[PDB]
Amino acid sequence: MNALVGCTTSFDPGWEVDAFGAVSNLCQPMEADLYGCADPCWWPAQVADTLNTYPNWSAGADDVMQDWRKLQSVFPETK
Amino acid sequence: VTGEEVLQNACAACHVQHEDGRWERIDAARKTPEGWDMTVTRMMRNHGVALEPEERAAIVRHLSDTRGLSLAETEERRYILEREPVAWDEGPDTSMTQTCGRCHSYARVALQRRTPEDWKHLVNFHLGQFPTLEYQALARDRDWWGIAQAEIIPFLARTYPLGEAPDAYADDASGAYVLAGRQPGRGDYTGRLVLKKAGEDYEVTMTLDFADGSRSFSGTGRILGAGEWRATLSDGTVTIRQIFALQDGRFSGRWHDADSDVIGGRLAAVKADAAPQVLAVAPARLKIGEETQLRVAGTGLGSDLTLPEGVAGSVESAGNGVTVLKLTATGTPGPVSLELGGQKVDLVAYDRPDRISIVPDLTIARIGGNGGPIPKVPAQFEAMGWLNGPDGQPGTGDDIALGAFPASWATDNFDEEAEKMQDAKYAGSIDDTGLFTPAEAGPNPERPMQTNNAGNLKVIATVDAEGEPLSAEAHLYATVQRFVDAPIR
Amino acid sequence: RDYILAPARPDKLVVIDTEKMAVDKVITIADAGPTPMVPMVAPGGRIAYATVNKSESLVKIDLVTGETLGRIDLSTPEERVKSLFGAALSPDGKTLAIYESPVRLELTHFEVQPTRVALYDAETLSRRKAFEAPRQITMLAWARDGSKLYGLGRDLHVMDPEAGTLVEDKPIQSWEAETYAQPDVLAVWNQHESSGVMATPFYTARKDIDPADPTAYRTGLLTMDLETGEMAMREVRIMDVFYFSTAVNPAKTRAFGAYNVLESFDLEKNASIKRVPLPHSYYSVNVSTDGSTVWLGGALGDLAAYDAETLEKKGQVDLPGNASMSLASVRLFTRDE
Ligand code: HEM
Ligand code: HEM
Ligand code: NA
């Protein structure tokens, strides 16, 4: 994950890649593991941590499967 | 709006200014412009500090001009400032890599200088802001807090001491420059860069000339601290960003598409009126027995050409930062050198590469779009050619590079498990220039468990060089979106 | 009569009538976002407590009425306190055990404070005691006799709530070190009520087997019996998949693990019984009072019922608006007919 600059190396099971070096062990689908990663801020460098930093990040998207398009990137698009 | 102003009108509400003049925290650390930006963002975000667009830009700029790093202090870590897609990030040892480079790049750490006391506050900030930090992988397997205090903090303080901020860049950079560089996926280029001072900033226009055409972008730029050049230029609906280092009147660095930083280019630029100097030569290789056109970018190269034994040819044109040559090598495969305007130009003769490697050989792409606010993240690959070098070799640190060769691109499932899932079928496609475009984000009800259009893929490139047995592969993880991003990952 | 208390973002607790496979009551809580985390049901199935507000608070609520009977705010102006995943109501329903990971908020810096366990009188919701506790503890669970408070950290911490001290540490970190690699344990789900057994899968490897060889990695089961006070750690299969949590049946003869697959284990043989795939990722696992139904939850917004024997899906109950359960704990409680 050293070559994957910007991705996490905390594989629980991970975000960019699994602890197995694949993507099949990541949540299926990803939006099923989304809030599990956000609410406890398990990967604060990749997913908004609602535990402290971005408490209102998921507002209006209680139904993750249907409302995922509402979740914004906290980076207003820049380098 | 000035830095002093925001410092007194906004920062002083919480940050104390000692009789010494120094500010609490503010003066206990030095970092890059991007670093100060992220810090100011957090003040606004986490601690409700109201900042107008100009004030924000003002203190960020003021902090980068007074409390930045020297260019030498960013060495080895500029890849993170440039959003360079082909990079490798790690700490000085396993311990540091594991505890500090598992969430964000270790480069975010190495690009900062602080006092032992401030490094303490920073580590306290981490456990205080992200209390679950000590429960995650690589942390719950040890006494995180105990080790943070006994080993990590003393290491940071010892390894990245405050030191002293360098003197700001004082000089006028205005004028015309000649440039040369490369844009993976498209090719080499030459061009001009002109700066016109405007207050503390510079008006900037960069023109890129590829063999298939030219294009110009225009905007504003500025120099932060000792020599960090940052600029935003446009042309039509396209916007790019320059992240350069300015030293000795020469610009060096990377620019990228403002809407997709994986797409961009590397370059160097020097005053158009400078003494004889070679910036680059494209191509830098010669196919033995075949006459080829070569573009030597630089200043005052003129047409004085002195060719070595195995290469014959002439000068077809000169001036305006580029001298076009027309050579042909007939010796044996290997490194060849010549002189132009008294300047050395290095090439490599060959008939067929001994092997090709994919760059990057390990990378990612991210699903996006599909009605969402986060666009796809592509992956650019390139097939590089090589010569086994002097040792026999087939692949050791010895070798001779031949440069990027045109190739045929394809994707496939990385393994059996991936095939069963039909990853290559849903994860996206790679075009003929080696540019991989990912699939739509969101759950795909057509896949098992309605999983995302992600996949464990393999990228295979096949360059058509005669002699012929030539192919290579790369590992591509077509993965999910990231909802948190920042100037420095 | 079995019921399920499942949190639903951003501020709800849904009681499910397992018998009619339907929602029984939806309790809405004020200042609860982004989601309640650790819910607890008092004996009788009438009153419940739930950590809410980014785990910084906890509310007492009337499950039938739906009103909030009281609240506890753990954070103060100069100190932010997180309960994270540790909150447990004593078996006699009189005292609440709340874990506290705090950080002191100074003008321009943070000062990490020692972790604590705070005891509150349930009936009055008053803070009655607070003592320093080891860090990195996820779940807090009471001994069935209410004499000890256990904390799942780098080791199974045995605390005396009366004296407010750490009396014993049951090995985890160094379990069978001459044979296995340090156990990896990721446990955040409170779901031992039905069996009185707190269990979590753990991952390790045979030290005398090449680490490149996939058969080196083993999946183990950690069981902390809250009645007998005994903790057991044993390998149950060669690790080929990962499970987020596990629940033991009331008979203590079986444990069920889940994530992307549902697998049952024979605790008497310490070996796998059967495995079936799942429609989507799940986090939580609980077992009905009669040991016949296994319930999966978390991640999304639907509780799925499975036959404990065949692991065949019996049904599914959708929370209102499919509101996600995230990694919040899902608990099963009863009410005398
Ligand atoms: C004024 C816009 C301003 C600046 C500049 C500033 C800077 C700053 C730094 C460099 C730090 C240290 C962060 C680190 O550890 O790397 C820091 C920390 C805190 N600040 Fe600040 N700060 C500015 C303004 C303000 C204002 C107006 C407040 C109070 C509302 C404030 C508060 C804090 C706090 C608290 C911290 C420590 C926690 C953290 O986020 O690091 N700052 N600040
Ligand atoms: C290893 C103990 C470690 C170090 C060292 C470290 C440093 C560090 C710096 C210098 C910053 C920038 C802060 C500033 O204002 O200048 C920073 C920021 C973030 N970090 Fe970090 N960090 C270390 C470790 C970790 C770990 C293990 C995590 C993930 C749990 C993590 C996360 C973050 C995040 C998120 C930020 C950005 C915070 C913000 O500005 O909102 N770090 N880190
Ligand atoms: Na997860």
# chains A, B, ... in the order shown; residues from 1 in each chain; ligands from 1
>>> closest_atom_pairs(of="region 374-422 of chain B", to="region 322-339 of chain B", cutoff="10 Å", atoms="only C-alpha atoms", output="JSON lines")
{"residue": "B:387", "atom": "CA", "partner": "B:334", "partner_atom": "CA", "distance": 8.3}
{"residue": "B:389", "atom": "CA", "partner": "B:334", "partner_atom": "CA", "distance": 8.1}
{"residue": "B:390", "atom": "CA", "partner": "B:334", "partner_atom": "CA", "distance": 9.3}
{"residue": "B:400", "atom": "CA", "partner": "B:335", "partner_atom": "CA", "distance": 8.0}
{"residue": "B:401", "atom": "CA", "partner": "B:335", "partner_atom": "CA", "distance": 9.6}
{"residue": "B:402", "atom": "CA", "partner": "B:335", "partner_atom": "CA", "distance": 9.8}
>>> closest_atom_pairs(of="chain B", to="chain A", cutoff="7 Å", atoms="only C-alpha atoms", output="JSON lines")
{"residue": "B:46", "atom": "CA", "partner": "A:53", "partner_atom": "CA", "distance": 6.5}
{"residue": "B:83", "atom": "CA", "partner": "A:79", "partner_atom": "CA", "distance": 6.7}
{"residue": "B:87", "atom": "CA", "partner": "A:3", "partner_atom": "CA", "distance": 6.1}
{"residue": "B:88", "atom": "CA", "partner": "A:3", "partner_atom": "CA", "distance": 4.5}
{"residue": "B:89", "atom": "CA", "partner": "A:2", "partner_atom": "CA", "distance": 5.2}
{"residue": "B:90", "atom": "CA", "partner": "A:2", "partner_atom": "CA", "distance": 6.1}
{"residue": "B:102", "atom": "CA", "partner": "A:9", "partner_atom": "CA", "distance": 4.6}
{"residue": "B:103", "atom": "CA", "partner": "A:8", "partner_atom": "CA", "distance": 4.9}
{"residue": "B:104", "atom": "CA", "partner": "A:45", "partner_atom": "CA", "distance": 5.8}
{"residue": "B:105", "atom": "CA", "partner": "A:6", "partner_atom": "CA", "distance": 6.0}
{"residue": "B:129", "atom": "CA", "partner": "A:52", "partner_atom": "CA", "distance": 6.6}
{"residue": "B:130", "atom": "CA", "partner": "A:41", "partner_atom": "CA", "distance": 6.8}
{"residue": "B:132", "atom": "CA", "partner": "A:40", "partner_atom": "CA", "distance": 6.6}
{"residue": "B:136", "atom": "CA", "partner": "A:42", "partner_atom": "CA", "distance": 6.8}
{"residue": "B:137", "atom": "CA", "partner": "A:10", "partner_atom": "CA", "distance": 5.0}
{"residue": "B:138", "atom": "CA", "partner": "A:10", "partner_atom": "CA", "distance": 6.7}
{"residue": "B:258", "atom": "CA", "partner": "A:78", "partner_atom": "CA", "distance": 6.3}
{"residue": "B:261", "atom": "CA", "partner": "A:79", "partner_atom": "CA", "distance": 6.3}
{"residue": "B:362", "atom": "CA", "partner": "A:3", "partner_atom": "CA", "distance": 6.7}
{"residue": "B:363", "atom": "CA", "partner": "A:4", "partner_atom": "CA", "distance": 6.0}
{"residue": "B:371", "atom": "CA", "partner": "A:69", "partner_atom": "CA", "distance": 6.5}
{"residue": "B:372", "atom": "CA", "partner": "A:69", "partner_atom": "CA", "distance": 4.5}
{"residue": "B:373", "atom": "CA", "partner": "A:72", "partner_atom": "CA", "distance": 6.0}
{"residue": "B:374", "atom": "CA", "partner": "A:73", "partner_atom": "CA", "distance": 6.6}
{"residue": "B:443", "atom": "CA", "partner": "A:29", "partner_atom": "CA", "distance": 5.9}
{"residue": "B:449", "atom": "CA", "partner": "A:28", "partner_atom": "CA", "distance": 6.0}
{"residue": "B:450", "atom": "CA", "partner": "A:29", "partner_atom": "CA", "distance": 6.1}
{"residue": "B:451", "atom": "CA", "partner": "A:29", "partner_atom": "CA", "distance": 4.0}
{"residue": "B:452", "atom": "CA", "partner": "A:29", "partner_atom": "CA", "distance": 5.6}
{"residue": "B:455", "atom": "CA", "partner": "A:23", "partner_atom": "CA", "distance": 6.5}
{"residue": "B:456", "atom": "CA", "partner": "A:22", "partner_atom": "CA", "distance": 6.0}
{"residue": "B:479", "atom": "CA", "partner": "A:16", "partner_atom": "CA", "distance": 5.9}
{"residue": "B:480", "atom": "CA", "partner": "A:16", "partner_atom": "CA", "distance": 6.6}
{"residue": "B:482", "atom": "CA", "partner": "A:46", "partner_atom": "CA", "distance": 5.0}
{"residue": "B:483", "atom": "CA", "partner": "A:73", "partner_atom": "CA", "distance": 4.4}
{"residue": "B:484", "atom": "CA", "partner": "A:46", "partner_atom": "CA", "distance": 4.6}
{"residue": "B:485", "atom": "CA", "partner": "A:75", "partner_atom": "CA", "distance": 5.4}
{"residue": "B:486", "atom": "CA", "partner": "A:75", "partner_atom": "CA", "distance": 6.1}
{"residue": "B:487", "atom": "CA", "partner": "A:79", "partner_atom": "CA", "distance": 5.6}
{"residue": "B:489", "atom": "CA", "partner": "A:6", "partner_atom": "CA", "distance": 5.2}
>>> residues_around(residues="region 10-14 of chain B", least_positions_apart="5", cutoff="8 Å", atoms="only C-alpha atoms", output="PyMOL selection string")
(chain B and resi 5+49-51) or (chain C and resi 107-108)
>>> write_last_selection(atoms="C-alpha atoms", output="compact mmCIF listing (two decimals), in the first residue's frame")
# COMPACT_ATOMS: atom_id res chain seq x y z
CA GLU B 5 -4.23 41.49 9.89
CA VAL B 49 -13.05 30.46 12.72
CA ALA B 50 -14.82 32.72 10.21
CA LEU B 51 -12.57 33.65 7.29
CA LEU C 107 -7.31 27.30 24.05
CA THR C 108 -5.01 26.09 21.27
>>> closest_residue(among="A:20, A:63, A:50, A:58", to="ligand 2", atoms="only C-alpha atoms and all ligand atoms")
A:50
>>> closest_atom_pairs(of="chain C", to="chain A", cutoff="7 Å", atoms="only C-alpha atoms", output="Markdown table")
| residue | atom | partner | partner_atom | distance |
| --- | --- | --- | --- | --- |
| C:9 | CA | A:62 | CA | 5.9 |
| C:10 | CA | A:62 | CA | 6.9 |
| C:34 | CA | A:55 | CA | 6.3 |
| C:54 | CA | A:51 | CA | 5.2 |
| C:280 | CA | A:28 | CA | 5.5 |
| C:281 | CA | A:28 | CA | 5.5 |
| C:299 | CA | A:32 | CA | 5.0 |
| C:300 | CA | A:32 | CA | 5.7 |
| C:321 | CA | A:63 | CA | 6.4 |
| C:322 | CA | A:63 | CA | 5.2 |
| C:323 | CA | A:62 | CA | 4.6 |
| C:324 | CA | A:62 | CA | 5.8 |
| C:326 | CA | A:36 | CA | 5.0 |
| C:327 | CA | A:36 | CA | 5.0 |
>>> write_last_selection(atoms="N, CA, C and O atoms", output="PDB file, in the first residue's frame")
ATOM      1  N   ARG C   9     -30.146   5.442  12.051  1.00  0.00           N
ATOM      2  CA  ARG C   9     -29.774   6.844  11.935  1.00  0.00           C
ATOM      3  C   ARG C   9     -30.896   7.736  11.428  1.00  0.00           C
ATOM      4  O   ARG C   9     -31.774   7.308  10.680  1.00  0.00           O
ATOM      5  N   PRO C  10     -30.853   9.013  11.815  1.00  0.00           N
ATOM      6  CA  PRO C  10     -29.774   9.509  12.674  1.00  0.00           C
ATOM      7  C   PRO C  10     -30.088   9.523  14.162  1.00  0.00           C
ATOM      8  O   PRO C  10     -29.184   9.612  14.992  1.00  0.00           O
ATOM      9  N   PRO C  34     -24.836  11.575  14.981  1.00  0.00           N
ATOM     10  CA  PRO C  34     -25.245  11.033  13.684  1.00  0.00           C
ATOM     11  C   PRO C  34     -25.925   9.656  13.765  1.00  0.00           C
ATOM     12  O   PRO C  34     -26.453   9.163  12.769  1.00  0.00           O
ATOM     13  N   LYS C  54     -22.695  11.223  19.000  1.00  0.00           N
ATOM     14  CA  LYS C  54     -21.284  10.911  18.782  1.00  0.00           C
ATOM     15  C   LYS C  54     -20.665  10.223  19.996  1.00  0.00           C
ATOM     16  O   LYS C  54     -19.481  10.410  20.292  1.00  0.00           O
ATOM     17  N   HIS C 280     -25.813  -9.040   1.194  1.00  0.00           N
ATOM     18  CA  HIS C 280     -24.969  -7.862   1.367  1.00  0.00           C
ATOM     19  C   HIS C 280     -24.208  -8.007   2.679  1.00  0.00           C
ATOM     20  O   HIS C 280     -24.491  -8.914   3.466  1.00  0.00           O
ATOM     21  N   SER C 281     -23.236  -7.126   2.912  1.00  0.00           N
ATOM     22  CA  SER C 281     -22.443  -7.201   4.133  1.00  0.00           C
ATOM     23  C   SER C 281     -23.267  -6.925   5.384  1.00  0.00           C
ATOM     24  O   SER C 281     -24.129  -6.048   5.391  1.00  0.00           O
ATOM     25  N   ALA C 299     -24.659  -2.392   9.200  1.00  0.00           N
ATOM     26  CA  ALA C 299     -24.317  -2.045   7.815  1.00  0.00           C
ATOM     27  C   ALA C 299     -25.436  -1.286   7.106  1.00  0.00           C
ATOM     28  O   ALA C 299     -25.331  -0.078   6.880  1.00  0.00           O
ATOM     29  N   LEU C 300     -26.499  -1.991   6.736  1.00  0.00           N
ATOM     30  CA  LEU C 300     -27.617  -1.351   6.059  1.00  0.00           C
ATOM     31  C   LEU C 300     -28.816  -1.198   6.993  1.00  0.00           C
ATOM     32  O   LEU C 300     -28.648  -1.039   8.204  1.00  0.00           O
ATOM     33  N   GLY C 321     -37.661   3.543   6.457  1.00  0.00           N
ATOM     34  CA  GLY C 321     -36.861   4.285   5.499  1.00  0.00           C
ATOM     35  C   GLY C 321     -35.529   3.628   5.216  1.00  0.00           C
ATOM     36  O   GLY C 321     -34.615   4.257   4.686  1.00  0.00           O
ATOM     37  N   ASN C 322     -35.411   2.355   5.568  1.00  0.00           N
ATOM     38  CA  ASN C 322     -34.172   1.631   5.347  1.00  0.00           C
ATOM     39  C   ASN C 322     -33.001   2.353   6.013  1.00  0.00           C
ATOM     40  O   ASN C 322     -31.852   2.194   5.593  1.00  0.00           O
ATOM     41  N   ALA C 323     -33.292   3.148   7.045  1.00  0.00           N
ATOM     42  CA  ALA C 323     -32.246   3.882   7.758  1.00  0.00           C
ATOM     43  C   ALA C 323     -31.170   2.911   8.222  1.00  0.00           C
ATOM     44  O   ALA C 323     -31.461   1.915   8.882  1.00  0.00           O
ATOM     45  N   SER C 324     -29.924   3.203   7.870  1.00  0.00           N
ATOM     46  CA  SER C 324     -28.807   2.338   8.233  1.00  0.00           C
ATOM     47  C   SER C 324     -28.555   2.164   9.731  1.00  0.00           C
ATOM     48  O   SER C 324     -28.793   3.071  10.536  1.00  0.00           O
ATOM     49  N   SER C 326     -25.487   1.030  10.626  1.00  0.00           N
ATOM     50  CA  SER C 326     -24.047   1.239  10.697  1.00  0.00           C
ATOM     51  C   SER C 326     -23.418   0.181  11.598  1.00  0.00           C
ATOM     52  O   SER C 326     -23.796  -0.989  11.536  1.00  0.00           O
ATOM     53  N   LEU C 327     -22.460   0.582  12.429  1.00  0.00           N
ATOM     54  CA  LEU C 327     -21.807  -0.361  13.331  1.00  0.00           C
ATOM     55  C   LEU C 327     -22.384  -0.313  14.744  1.00  0.00           C
ATOM     56  O   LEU C 327     -21.761  -0.783  15.693  1.00  0.00           O
TER      57      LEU C 327
END
>>> closest_residue(among="C:47, C:26, C:21, C:137", to="chain B", atoms="only C-alpha atoms")
C:137
>>> interface_residues(of="chain B", to="chain C", cutoff="10 Å", atoms="only C-alpha atoms", output="ChimeraX atom specification")
/B:13-16,24-26,47,118,120-129,131-146,448-451
>>> residues_around(residues="residue 40 (chain C)", least_positions_apart="2", cutoff="9 Å", atoms="only C-alpha atoms", output="list in words")
residues 5, 38, 42, 47, 48, 49, 50, 51, 87, 88, 89 and 331 of chain C
>>> write_last_selection(atoms="N, CA, C and O atoms", output="compact mmCIF listing (two decimals), in the first residue's frame")
# COMPACT_ATOMS: atom_id res chain seq x y z
N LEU C 5 -34.05 -4.53 19.62
CA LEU C 5 -33.86 -3.10 19.74
C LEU C 5 -32.72 -2.78 18.78
O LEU C 5 -31.58 -3.18 19.00
N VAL C 38 -24.63 2.33 21.33
CA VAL C 38 -24.82 1.18 22.21
C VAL C 38 -26.12 1.24 23.00
O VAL C 38 -26.23 1.98 23.98
N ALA C 42 -33.33 -2.89 29.93
CA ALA C 42 -33.43 -3.26 31.33
C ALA C 42 -34.33 -4.47 31.50
O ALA C 42 -35.26 -4.68 30.72
N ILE C 47 -37.87 -0.45 29.84
CA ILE C 47 -36.96 0.68 29.82
C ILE C 47 -35.65 0.35 29.13
O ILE C 47 -35.12 -0.76 29.25
N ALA C 48 -35.12 1.33 28.40
CA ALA C 48 -33.86 1.15 27.69
C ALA C 48 -32.98 2.39 27.82
O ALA C 48 -33.45 3.48 28.12
N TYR C 49 -31.68 2.18 27.58
CA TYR C 49 -30.68 3.24 27.63
C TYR C 49 -29.87 3.14 26.34
O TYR C 49 -29.65 2.04 25.82
N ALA C 50 -29.43 4.28 25.81
CA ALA C 50 -28.66 4.28 24.57
C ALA C 50 -27.64 5.40 24.50
O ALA C 50 -27.97 6.55 24.78
N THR C 51 -26.41 5.07 24.13
CA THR C 51 -25.38 6.09 23.98
C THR C 51 -25.69 6.76 22.66
O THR C 51 -25.96 6.09 21.66
N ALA C 87 -20.57 0.69 27.12
CA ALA C 87 -21.71 1.13 27.93
C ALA C 87 -22.50 -0.12 28.27
O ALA C 87 -22.99 -0.81 27.37
N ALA C 88 -22.64 -0.41 29.57
CA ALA C 88 -23.36 -1.59 30.01
C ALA C 88 -24.19 -1.39 31.29
O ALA C 88 -23.71 -0.81 32.27
N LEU C 89 -25.43 -1.88 31.25
CA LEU C 89 -26.37 -1.80 32.37
C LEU C 89 -26.21 -3.07 33.23
O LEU C 89 -26.22 -4.18 32.69
N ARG C 331 -29.51 -5.32 19.84
CA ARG C 331 -29.82 -6.17 20.97
C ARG C 331 -31.19 -6.82 20.93
O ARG C 331 -32.14 -6.26 20.38
>>> residues_around(residues="residue 112 (chain B)", least_positions_apart="6", cutoff="12 Å", atoms="only C-alpha atoms", output="PyMOL selection string")
chain B and resi 28-36+39+67-70+73-74+77+106+118-119+122+156-157+159-165+488
>>> closest_residue(among="B:412, B:37, B:27, B:4", to="ligand 2", atoms="only C-alpha atoms and all ligand atoms")
B:37
>>> decode(residues="region 166-185 of chain C", atoms="C-alpha atoms", output="compact mmCIF listing (two decimals), in the first residue's frame")
# COMPACT_ATOMS: atom_id res chain seq x y z
CA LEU C 166 -8.33 -3.59 37.93
CA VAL C 167 -8.06 -6.90 39.76
CA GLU C 168 -7.19 -9.32 36.97
CA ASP C 169 -6.12 -9.50 33.33
CA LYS C 170 -7.17 -12.53 31.31
CA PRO C 171 -4.59 -13.05 28.51
CA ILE C 172 -5.47 -12.34 24.90
CA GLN C 173 -2.47 -10.45 23.56
CA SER C 174 -0.13 -13.28 24.59
CA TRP C 175 -2.46 -16.29 24.26
CA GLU C 176 -0.50 -19.47 23.46
CA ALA C 177 2.49 -17.42 22.26
CA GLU C 178 4.74 -20.47 21.84
CA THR C 179 2.29 -21.73 19.20
CA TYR C 180 0.28 -18.85 17.71
CA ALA C 181 0.95 -15.32 16.48
CA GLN C 182 -0.50 -12.43 18.50
CA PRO C 183 -4.32 -12.63 18.26
CA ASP C 184 -5.98 -9.91 16.19
CA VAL C 185 -9.32 -8.94 17.71
